[PDB]
Amino acid sequence: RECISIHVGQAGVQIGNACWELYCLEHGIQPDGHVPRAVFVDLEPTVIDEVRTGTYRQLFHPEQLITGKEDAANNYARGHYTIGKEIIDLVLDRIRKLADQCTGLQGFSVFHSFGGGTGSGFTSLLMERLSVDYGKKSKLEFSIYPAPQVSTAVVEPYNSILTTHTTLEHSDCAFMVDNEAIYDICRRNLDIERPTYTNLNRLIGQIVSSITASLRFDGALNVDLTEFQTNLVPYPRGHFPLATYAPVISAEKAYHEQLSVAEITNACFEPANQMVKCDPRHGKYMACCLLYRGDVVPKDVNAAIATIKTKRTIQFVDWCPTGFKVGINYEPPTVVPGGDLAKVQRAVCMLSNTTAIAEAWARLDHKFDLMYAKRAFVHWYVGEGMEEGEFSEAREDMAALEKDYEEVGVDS
Amino acid sequence: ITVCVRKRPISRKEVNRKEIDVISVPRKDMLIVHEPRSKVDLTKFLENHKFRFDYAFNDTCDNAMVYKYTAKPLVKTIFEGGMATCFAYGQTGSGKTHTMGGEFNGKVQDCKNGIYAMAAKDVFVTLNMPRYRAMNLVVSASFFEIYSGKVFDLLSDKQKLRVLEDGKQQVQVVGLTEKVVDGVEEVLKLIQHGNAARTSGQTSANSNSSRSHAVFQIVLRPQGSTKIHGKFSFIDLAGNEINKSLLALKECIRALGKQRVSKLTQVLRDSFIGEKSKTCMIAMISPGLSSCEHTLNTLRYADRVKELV
Amino acid sequence: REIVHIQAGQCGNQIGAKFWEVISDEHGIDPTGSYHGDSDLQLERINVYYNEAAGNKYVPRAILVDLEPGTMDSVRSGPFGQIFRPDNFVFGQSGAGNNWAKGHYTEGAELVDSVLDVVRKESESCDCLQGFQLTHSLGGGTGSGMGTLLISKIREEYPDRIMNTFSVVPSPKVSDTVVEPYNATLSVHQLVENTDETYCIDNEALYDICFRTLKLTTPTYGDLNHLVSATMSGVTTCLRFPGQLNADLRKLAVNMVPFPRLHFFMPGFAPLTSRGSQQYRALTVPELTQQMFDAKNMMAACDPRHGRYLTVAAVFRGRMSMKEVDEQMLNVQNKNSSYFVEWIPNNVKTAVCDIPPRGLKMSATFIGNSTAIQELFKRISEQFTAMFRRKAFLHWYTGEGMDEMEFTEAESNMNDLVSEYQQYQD
């Protein structure tokens, strides 16, 4: 029934504090109410401390807040092997101590930031140690994969080609939200050149609320977590769909809010609104899980979608007749009291697997080579319990992820 | 240019592991790789690939047999006044050290058993023959290794050597020590000495290691000549800086047919440039299924080299 | 992050005084004083060049290598000269002969160990090391020879940390020495194979740029040096400041070197206007790119207009629009598609700090990797042969324990280096 969550890496923790905020906010549980149902991991104390100093301070147990005073290191190796190792046990312990206390759970919603040290590496083995300790569950990892041109870390790819290959054979469904492609939404669909990280977080903090929160919440067309991976992954590769939200209108500027279904659903497939720089440049969808929430008439959907199924310029895979999982919830969304999110009475958090990422992975793989081609910051990992193996052998890994996402599509 | 491939038999460790033998050599010049593969649905199938070489040696073949087909035909070349090179190429544990240096799963043992020794044996015998005797040649040997762009004299306690190049672009390794040999026994002593001194990591539980490039050379000198009468360089390559050298090596050998520098190619350069120069490449293959990726890499590399033929 | 400057030879040393003269003020560090910094930002990143001991004494973490006392004893007996901890002075009272061979094999080779010693004391200082800055001239002993050794050793000790090299390649028109191409060809050789970022400056490319781009009529050395030091501040130190889009030695390295040679660049400063009058303020931005990308204004001798570019790095440092920056760069890339090489869709590497050069409103360091610098190593290489052929002043080298094959080596090497660079101009 439940779904634990492990927010790993400063980012996964910032986003965590955010997604965790939106929660109580739409459940009437102020600062000090019940008890969360997740954990927080980081090898840099000062960040988890922000959850220990700032807002939502006492809504957590100093037990579900793991820290390694030591060093973060923007390098996979160190975070996965060398350092990150020391903490893992302890980490697990909570996701085994928190996993027990419950009643027939469904899985762990993992929150990490692909291209980091504590986020890429660590998790790599966290999800790793999970796939074995609970192979019998769902492993949906919600990632924030590398901005297409606006990356931060100098190594980023090293850290992301490595978190992909190690987690690939362990996740159930990996959700993806592109940090940059979300900015566009903040520039083009909300207008603000002042987007603090605290915003992107409010956003995913939204799209995510549509996943677990409301879905695990009764409705006219419930959709379990398992449901996802089933209706969402055509193949064992921990396939990565993309998150998209519909009413991303500004709560100040424009106001047409009352945008009946027929509209908000069409607003999902236009590439300028998908929290991912993977513009459907060719990527044929192969399965979409349209999660609606608020006042929505099933016919409105079983029509708004029909209209789409016949737009053709939206070309769905061949081997897939119908790939539209319609998830209907009741309670409308719940916008921050005064952030910058419109606040409509219905939304569409549609996520999907698109042959599109054939790109995004490509463009991120290429990156890697360029540097590896010169070993660039390699000495930083080797000296951290890794080898020419793990790199070269994780490169070959993704290679067959560029062929995979190619074969499962583009062909009939 | 001659290119051959030699498959080593599965070792006891692999056998105990129950590793599957992926390679077959049905003919003298045909090598087949039974690549295991799975479709997306994970259907199992075999993609059998075929490779042809001047000579393909089975797991049964001894070093003497291998030597007969590869290096042996080169010895005359040096007496002819040419420059010959024989390279052992392949993945780690493929058998390169065993073949060149002597029989050992550790790659280190009986010098007499290996190509360096066998080649030397033939050198003394030929020198003695009537056509050659008039030559009044002296035989010298050297052994050195190349590690991370550095050259070390195995004959002179790993002494680091400096390599210079003239405008003329001829290269010289200054300080390299040449030792006079007048008997195979002599050469065996030098091989033993050099091999002991060879580079590596900590004492591994088993086997040697190929962090470096090993090069044992046999030189013939009257009083210079073409800077010596003839020279044979036997090279024990590192498991396939290393990449650059291998890429460099390929281009130099192919250049040999017609006529991104590395240390190895720099030192060896005189051996590629001359008109009267021959080379042989022996590709070593480990038969285990686990090594299939490595083998195809080795084989493809080999194909391009022979292509120059 | 961090770095440890290296003042090899007199020149490299003389310049040290100017590079530190500047940098300090660009970090509010008085002679022995502390941080008087007009602001509070010129301190959160200083570490890159200093060390904490007293609490008002942040000492420059550089090395002063030289076989001629008088020199360092002029730098240590003048202005900021009393800020370097004496431990930094690695002198060689020997005869600092003007021979590359005398400061690389015979005389310098001794003083080396007593240097590496310190270069380790400074490296193992604290936090994480990035790389080392190296100043010197390729036309003398303590410069090309001994300094070119200092690196060959450094690059064996930390083939991880970077190595920027600021070389004063032998100016054309007139050579301030005679064997020049000897001391030079021999040092470039060592460079193309150890440091991985070299910024070549020409005493006469400066004069020009200093006598016509600064109506300056009496350009003393101090000046030239001063101008140079202005660029090396924009490079390093600068990027160790915040920015909408900041980079750091590596970015600079990992965006500027397509092929491992190491390649040499040619630095160019932005606002280079004469004092009073000229103070036109035409610095909106198109004015800076106007500047930086012209022929004259390239501290190098050669002219870009004489050969494509492989990479370019406009490291700006002053509040500007990531739009009027990112934009300009483009037109520039299209008005001159001719020379800018094609197999690199976006040669330019736009970098953008925030805080500008203390007293200025907007500046932008230029680090160009153009194929034009082919026409310089050519020069050098020529001078060699024309004199090598007759072994001119060769006895001063050999007689110092050298080799007739050593000179051959270098020329060729550095000579081939010319070759390659053309492989892209085409």
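Residue 1 is the first one shown; counting continues down the chain.
This deposition comes from electron microscopy, 10.8 Å.
Any Cβ shown, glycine's included, is placed from N, Cα and C.
As recorded in Swiss-Prot:
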- A:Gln10, A:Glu44, A:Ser113, A:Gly117, A:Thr118, A:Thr152, A:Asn179, A:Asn201: GTP binding site (BINDING)
- A:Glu44: Mg(2+) binding site (BINDING)
- A:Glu227: active site (ACT_SITE)
- A:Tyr255: 3'-nitrotyrosine (MOD_RES)
- A:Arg312: omega-N-methylarginine (MOD_RES)
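Features as recorded by Swiss-Prot, highlighted on the structure.
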| residue | record | Cβ neighbours (10 Å) |
| --- | --- | --- |
| A:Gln10 | GTP binding site | 23 |
| A:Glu44 | GTP binding site | 19 |
| A:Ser113 | GTP binding site | 29 |
| A:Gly117 | GTP binding site | 28 |
| A:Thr118 | GTP binding site | 32 |
| A:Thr152 | GTP binding site | 14 |
| A:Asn179 | GTP binding site | 25 |
| A:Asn201 | GTP binding site | 23 |
| A:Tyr255 | 3'-nitrotyrosine | 10 |
| A:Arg312 | omega-N-methylarginine | 8 |
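Cα of A:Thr118 (GTP binding site) to Cα of A:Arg312 (omega-N-methylarginine): a distance of 43 Å. When Cα-Cα distances from A:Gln10 (GTP binding site) are compared across the recorded positions A:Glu227, A:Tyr255, A:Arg312, the shortest belongs to A:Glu227. Rounded to a whole value, the Cα-Cα separation of A:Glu44 (GTP binding site) and the residue listed as 'active site' is 36 Å.
Sequence-distant neighbours of the residue listed as 'active site' (same chain, six or more apart, CB under 8 Å from its CB) are A:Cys289, A:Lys325, A:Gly327, listed in sequence order. A:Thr152 (GTP binding site) and A:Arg312 (omega-N-methylarginine) are 38 Å apart (CA-CA, integer value).
Following the DSSP three-state reduction, the secondary structure of A:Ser113 (GTP binding site) is coil.
Across the structure, A:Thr152 (GTP binding site) and A:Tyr255 (3'-nitrotyrosine) are spaced 35 Å apart at their Cα atoms. Separating the Cα atoms of A:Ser113 (GTP binding site) and A:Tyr255 (3'-nitrotyrosine) is a whole-number distance of 34 Å. Annotated pair A:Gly117 (GTP binding site) and A:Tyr255 (3'-nitrotyrosine), C-alpha to C-alpha distance, rounded: 42 Å. Looking at A:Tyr255 (3'-nitrotyrosine) and A:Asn179 (GTP binding site), their Cα atoms lie 26 Å from each other.
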